[PDB]
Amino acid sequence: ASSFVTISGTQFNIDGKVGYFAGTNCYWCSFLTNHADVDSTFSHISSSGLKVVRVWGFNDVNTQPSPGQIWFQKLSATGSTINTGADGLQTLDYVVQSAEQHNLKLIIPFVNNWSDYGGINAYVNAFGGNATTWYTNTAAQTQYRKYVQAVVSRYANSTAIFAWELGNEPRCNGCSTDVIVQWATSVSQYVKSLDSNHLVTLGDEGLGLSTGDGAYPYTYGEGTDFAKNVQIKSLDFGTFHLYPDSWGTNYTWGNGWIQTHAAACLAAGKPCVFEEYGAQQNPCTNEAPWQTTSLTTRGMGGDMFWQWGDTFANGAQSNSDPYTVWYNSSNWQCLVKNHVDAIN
């Protein structure tokens, strides 16, 4: 079957099947200009047994790029432009087309917390203030909502959308945690006013949760309170990410990070998605146990490793980083095929 992705009890219902899912992150999929590269990458993800792919829904610039370069939105104080051209949201249109074709569903965030592909920084450059006043900067929010509408309206009736995502890892460094609560409440309500077919999620890392061991990620220094955010009515499921290497914690501490988040989700009556995770050292040994913890913990509805790597018909490889798991590699065997086999 096909149909819209929904929540059934505390699990996801994908194409009529209720149950745990595995997926992956492929931010770079959105920016592929050769259609054949999207298709081969998506054929590999689908043949691996993964059901969901996380792709950027943004590509923000302050200056128009060199002709032919991809850009989805140009942020300016004197009038912003949303690019619906061939070098614009038409590349995201094909990603959605290919997902429909390959039986995949997509998680699509609307703006980056980080300056990669512009992010909140690009809005700051156009509209003033800074990274934390962004959330309540009227001109910035007005353009952000116009972009939301430009993306959402394209795919609202597509069955390929798993969920709309407010942003990639939104933080408000040192802010009261209410700044994000209010912003998320308002934006998620707006998203729901545009599309009543699809799920909506925050896209936060999960920071701020008092049931843990007091390490920094559990503290409230980044303006987010996980339990508060996940109780927002217009958000259907929680998201949380995990990077011990960037956070100063060891790898095995990741198990408790999953468990606490899963409990918080279930306490709010909703599923959690373990949406990004990676380990730079020995990923097979350090990440396999996280996969098993998520698969075996009540309240977890699925997990998406950070990040797919693949290669194209012309010999070019995809964008990558130290976390990339290359299709068909040893780590693909360990972290993809063996995990997918275990879900069966």
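Numbers follow the displayed sequence, beginning with 1.
Comparing 181-189 with 124-132, the stretch with the higher mean C-alpha B-factor in the PDB entry is 124-132. The stretch with the higher mean CA B factor, choosing between 67-75 and 141-149, is 67-75. Out of 201, 97, 158, 176, it is 97 whose C-alpha atom has the highest B-factor in the PDB entry.
Note on 241, 261, 171, 154: the highest value goes to 154, judged by CA B factor as recorded.
Among all modelled residues in this chain, the alpha-carbon of residue 166 has a temperature factor (C-alpha) in the lowest third.
Annotation for residue 300: C-alpha temperature factor in the middle third relative to the rest of the modelled chain, per the entry.
For residue 205, the recorded CA temperature factor ranks within the lowest third of the chain's modelled residues. In the deposited entry, the Cα temperature factor of residue 220 places it in the highest third of its chain's modelled residues. Split the chain's modelled residues into thirds by C-alpha temperature factor. Residue 35 is in the highest one.
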